[PDB]
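> Pasting a structure here, questions to come.
There are 2 protein chains.
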Amino acid sequence: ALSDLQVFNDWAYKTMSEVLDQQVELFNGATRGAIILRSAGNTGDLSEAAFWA
Amino acid sequence: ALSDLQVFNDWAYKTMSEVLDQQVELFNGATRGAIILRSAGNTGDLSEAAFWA
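Protein chains in written order, with the deposited numbering: chain I, 2 to 54; chain H, 2 to 54.
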C-alpha cells in the first residue's frame, strides 16, 4: 500500500532573502527636502557652524 | 586605536545673520493700497491740512 511504498515528499530551495518590511524611502523628494540625505565627508566626531544671532 | 588618534571635529563661520521673523511686507500693492509706505516725508512734528466740509 502507500505505507509499504516509500513516499518521497517534494522539496526545493527558492533562495529568497527575506527583506525589510518597514517603509524607509523617506529622503529628499520623498519628503520634498524635509529629510535631506547627501553623501558629504567630514572629519572629527562633530560638525559646527557659527552664525550671527 | 581612535583613542590614540586626535579628532579636531569640524567648524565654520557662516555668520548667517538671523533677521526679523514677522511678515511686515504689507505696503501699497501688498495691502491693495490699504497700508502705503511713502519714501518722502514732511517737516514739523505735525502735518495739518485744512479741507472744505
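Cβ atoms here follow ideal geometry from the backbone N, Cα and C, with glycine treated the same way.
1) Is the shortest distance between the beta-carbon of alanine 2 of chain H and the beta-carbons of chain I less than 8 angstroms?
2) Using a cut-off of 7 angstroms between C-beta atoms, extract the partners of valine 8 of chain H located in chain I.
3) Quick one: measure Cβ to Cβ for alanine 54 of chain I and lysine 15 of chain H, integer angstroms, because I've assumed they're closer than 8 angstroms.
4) Just the Cα atoms here: how many angstroms apart are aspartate 46 of chain H and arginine 39 of chain H?
5) Comparing the C-beta of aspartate 11 of chain H with each C-beta of chain I, is any distance below 8 angstroms?
Walking through what the data contain:
1) no
2) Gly45 and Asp46
3) Contact flag wrong, Cβ pair sits at about 13 angstroms.
4) 17 angstroms
5) yes
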